[PDB]
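So the chains spell out like this:
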Amino acid sequence: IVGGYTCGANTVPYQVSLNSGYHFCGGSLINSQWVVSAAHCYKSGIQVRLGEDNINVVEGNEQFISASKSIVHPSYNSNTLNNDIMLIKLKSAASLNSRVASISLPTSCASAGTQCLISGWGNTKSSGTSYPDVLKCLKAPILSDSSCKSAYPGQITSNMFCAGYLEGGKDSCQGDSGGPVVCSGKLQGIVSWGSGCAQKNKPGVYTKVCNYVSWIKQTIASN
Ligand SMILES: [Ca+2]
Ligand code: NA
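Calculation notes
The numbering scheme restarts from 1 for each chain and tracks the written sequence of that chain rather than necessarily the entry's numbering. Residues without coordinates are not displayed. As they are written, the chains are lettered A onward and the ligands numbered 1 onward, keeping that order. In computing side-chain values, all of the structure's heavy atoms are included and hydrogens and water are not. Shown as donors are all N, O and S atoms within 2.8 Å of a metal ion, widened to 3.2 Å for Na, K and Ca; because water is not in the atom set, sites may appear incomplete. Only protein chains enter the accessibility calculation, which uses a 1.4 Å probe; a residue is then buried when its area is under 20% of its type maximum, exposed when over 50%, and partly exposed in between. Side-chain atoms within 4.5 Å are what join buried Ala, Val, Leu, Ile, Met, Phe, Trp, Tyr and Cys residues into a set we call a nonpolar core. Secondary structure elements follow DSSP: runs of H or I no shorter than four residues count as helices, runs of E no shorter than two count as strands, and numbering proceeds from the N terminus. Where each domain starts and ends follows an automatic or database-derived domain assignment. Only heavy atoms enter the contact rule, under which two residues are in contact if any of them lie within 4.5 Å. UniProt positions are given in the numbering used here, feature names are shortened, and annotations may be inferred rather than shown by experiment.

(A) How the structure looks around the coordination of the calcium ion (ligand 1). The protein atoms donating to the calcium ion (ligand 1) are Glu52 (OE), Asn54 (O), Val57 (O) and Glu62 (OE), with metal-donor distances spanning 2.2 to 2.4 Å. Donor residues binding the calcium ion (ligand 1) come from one chain and are separated in sequence as E-x1-N-x2-V-x4-E. For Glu62, a relative accessible area of 17% gives the class buried.

What follows is the structure, given as C-alpha cells:
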C-alpha cells in the first residue's frame, strides 16, 4: 500500500497473509474454512495466516492453518488477468472472534464513487522498495468504468474495476495482491494489477467479486 496508513492491530479482521516461507500475497476470510485471493497468487504450498498485524512477530492473536486445497477460477487467464480469483480451503476451521472474522460477499456490485478500504503488507513506495511489517490500509474510491478503460485501453474486461486516484500517490502494490477491497461492508474487489503503483493516470485494477458470487457459493457447497 503506497500512501496509506497503519490500520491498527486486528482492525481488519478478515485480512489474511498467505505464507510460503514468507508473506507473498493477501487474501480475505469469507467463512471459517475458506479464503478468497487472486489466481495470480497461486502457489503449491500455502499456509494461511489469520489474526496478523506484524507478520514478523508472533503477537498472540494469530491462527496459522495450512491449505488443504486451492481452486483457481476455471477461466483464469494469466496473460490478461481476466478472472483473477482463487479459493483456498483451510485444513481446519478458523476460530472466529473479534480479531478473526469473515467478510460478507456482495449481493449488489459496488457503486462508482464509493470509498472502499484496501489493505495489505505490500510495497509502500511508488519508486523504490520498502515492505512493512504491520498491516497498511488505504481509503480509495471506485472509478467509473469509462475512466478505467481510458486509463488502460484494450485491457479492462467486465470482470475488472479501477479504484484509487488518477493524480497518483495512493494505491495498492506488489505484495498486496490477493487482498481485499471492502466497500460498505462487502468484499467487492481483490487486489489484481496495475501499471506500477501510485502512478499518474494508472489506478489500481481489481477483480470484480460481484461477478463470482455464484461460482464461490457453488464451489464452497461442493468442496
Ligand atoms: Ca504476527
Ligand atoms: Na450488497
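The structure having been displayed, the exposition proceeds.
(B) Representation of the nonpolar core. Residues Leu18, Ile30, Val48, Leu87 and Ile216 are the most contacted members of the largest nonpolar core, which totals 42 residues. At the level of secondary structure, the elements contributing two or more residues to this core comprise β2 (15-19), β3 (23-31), β4 (34-37), β5 (47-50), β6 (63-72), β7 (86-90), β12 (186-193) and α2 (213-220). Split by domain, the residues of this core number at least three in each of domain 1 (1-12 + 103-210) and domain 2 (13-102 + 211-222). In contact with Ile216, not counting residues within four places along its chain, are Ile30, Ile85, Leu87, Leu105 and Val209. Counting twelve residues, the second largest nonpolar core, distinct from the first, contains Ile1, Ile118, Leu138 and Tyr206.

(C) Quick peek at the UniProt feature "binding site: substrate" in the protein. Per the UniProt entry, the sites bearing "binding site: substrate" are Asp171, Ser172, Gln174, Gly175 and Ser177 in this numbering. Among the structural elements, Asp171 can be located in the loop between β10 (160-163) and β11 (180-183). With sequence-adjacent residues up to four places away left out, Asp171 is seen in contact with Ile1, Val2, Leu138, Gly196, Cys197, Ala198, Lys202, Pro203, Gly204 and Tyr206. Along the chain, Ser172 falls in the loop between β10 and β11. Residue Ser172 is classed as buried on the basis of its relative accessible area of 7%. Each residue touching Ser172, except ones within four places of it in the same chain, is listed here: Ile1, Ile118, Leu138, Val191, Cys197 and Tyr206.

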